[PDB]
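Below is one structure, written out as structure tokens; the observations come after it.
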Amino acid sequence: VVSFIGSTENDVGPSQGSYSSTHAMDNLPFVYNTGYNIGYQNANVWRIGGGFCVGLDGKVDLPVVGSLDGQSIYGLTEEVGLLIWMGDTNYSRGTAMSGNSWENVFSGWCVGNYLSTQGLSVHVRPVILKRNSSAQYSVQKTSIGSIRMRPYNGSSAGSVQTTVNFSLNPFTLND
Ligand SMILES: CO[C@@H]1O[C@H](CO)[C@H](O)[C@H](O[C@@H]2O[C@H](CO)[C@@H](O)[C@H](O)[C@H]2NC(C)=O)[C@H]1O
Ligand code: NI
Ligand code: NI
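Mapping the sequence shown onto the deposited numbering, position 28 (from 1) lands on 28, and the numbers just tick up by one.
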């Protein structure tokens, strides 16, 4: 059995985040290592119980502009892109996103005969695609994509809301 307990619209990263690097940025594309700082995380999005089995599918709506080590680079602007992970509650469980179709980002699990929750996480890392007369790049709030729950092994959603969305909070790149 399943119930929805989280938020439909979700913001990724702190509002007006500031990100900077000492690294050279002469070998483009360059990826800021923002760790898990630019992310959303919530352990309690659906409440599940009684043998219910569920996983997660993810979908990124941004345009693919390249790839880096087996995952897509998504374009925000002509000079700024994103590496995106989606998956289970833990950021370390994040699945490297590629393409614009629904992809399994959490194989799943089943609750025993007790009550628990299904959570999720999303985090991105900024990528410098091309140089710019600024050195300070500014990105506005942008829609990213969605995550839906994936009931499996007989379990069903019914009319319970399955899908939640994500928006990138505006930030600034420095140095
Ligand atoms: C230890 O108690 C419960 O055990 C189950 C099964 O291992 C699971 O760990 C529970 O945590 C949930 O795990 C889900 C998948 O890993 C995750 O989506 C949920 O966010 C977790 N819910 C939590 C931590 O409250 C855990 O309750
Ligand atoms: Ni290095
Ligand atoms: Ni829905």
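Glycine included, each C-beta is placed from N, C-alpha and C at the ideal position.
Among the options, whose alpha-carbon lies nearest the alpha-carbon of residue i?
| i | options | result |
| --- | --- | --- |
| residue 113 | 48, 29 and 27 | 48 |
| residue 97 | 58, 52, 166 and 31 | 58 |
| residue 102 | 118, 158 and 150 | 150 |
| residue 100 | 74, 92 and 166 | 74 |
| residue 132 | 122, 30, 72 and 65 | 30 |
| residue 122 | 130, 83 and 137 | 83 |
| residue 51 | 164, 155 and 172 | 155 |
| residue 118 | 175, 169, 163 and 85 | 163 |
| residue 107 | 53, 66, 61 and 92 | 53 |
| residue 171 | 160, 37, 62 and 69 | 37 |
| residue 126 | 7, 28, 92 and 148 | 28 |
| residue 94 | 144, 61, 138 and 40 | 40 |
| residue 9 | 111, 46 and 146 | 146 |
| residue 81 | 87, 92 and 68 | 68 |
| residue 79 | 64, 128 and 14 | 128 |
| residue 187 | 7, 16, 3 and 1 | There is simply no residue 187 to check, as the chain begins at 1 and stops at 175 in what is shown. |
| residue 169 | 87, 5 and 19 | 19 |
| residue 90 | 120, 4, 2 and 24 | 120 |
| residue 230 | 105, 77 and 3 | Residue numbering for the chain in the displayed model covers 1 to 175; residue 230 lies beyond these limits and cannot be assessed. |
| residue 161 | 148, 173 and 152 | 148 |
| residue 166 | 104, 157, 85 and 115 | 85 |
For residue i, is the beta carbon positioned less than 8 Å from some heavy atom of ligand 2?
| i | result |
| --- | --- |
| residue 23 | yes |
May I ask you to check if the CB of residue i is nearer than 8 Å to at least one heavy atom of ligand 1?
| i | result |
| --- | --- |
| residue 157 | no |
Where does the unbroken beta strand (DSSP E) through residue i begin, and where does it stop?
| i | result |
| --- | --- |
| residue 9 | 9-12 |
| residue 59 | 53-60 |
| residue 87 | 80-87 |
| residue 192 | Since the first residue of the chain shown is 1 and the last is 175, residue 192 is not available in this structure. |
| residue 32 | Counting along the chain, residue 32 falls outside any beta strand (DSSP E), and DSSP gives it neither H nor E. |
| residue 93 | No beta strand (DSSP E) contains residue 93, which DSSP labels as neither H nor E. |
| residue 170 | Element bounds for residue 170: n/a, residue is neither H nor E. |
| residue 114 | Here residue 114 belongs to no beta strand (DSSP E), and DSSP marks it neither H nor E. |
May I ask you to check if the CB of residue i is nearer than 8 Å to at least one heavy atom of ligand 4?
| i | result |
| --- | --- |
| residue 82 | Only ligand 1, ligand 2 and ligand 3 can be found as ligands here, which leaves ligand 4 out of the picture. |
Shell residues, 7 Å Cβ cut-off relative to heavy atoms of ligand 3:
161, 162 and 163
May I have all residues whose beta carbon comes closer than 6 Å to any heavy atom of ligand 1, sorted in chain order?
43, 88, 89, 109, 116, 117, 118 and 119
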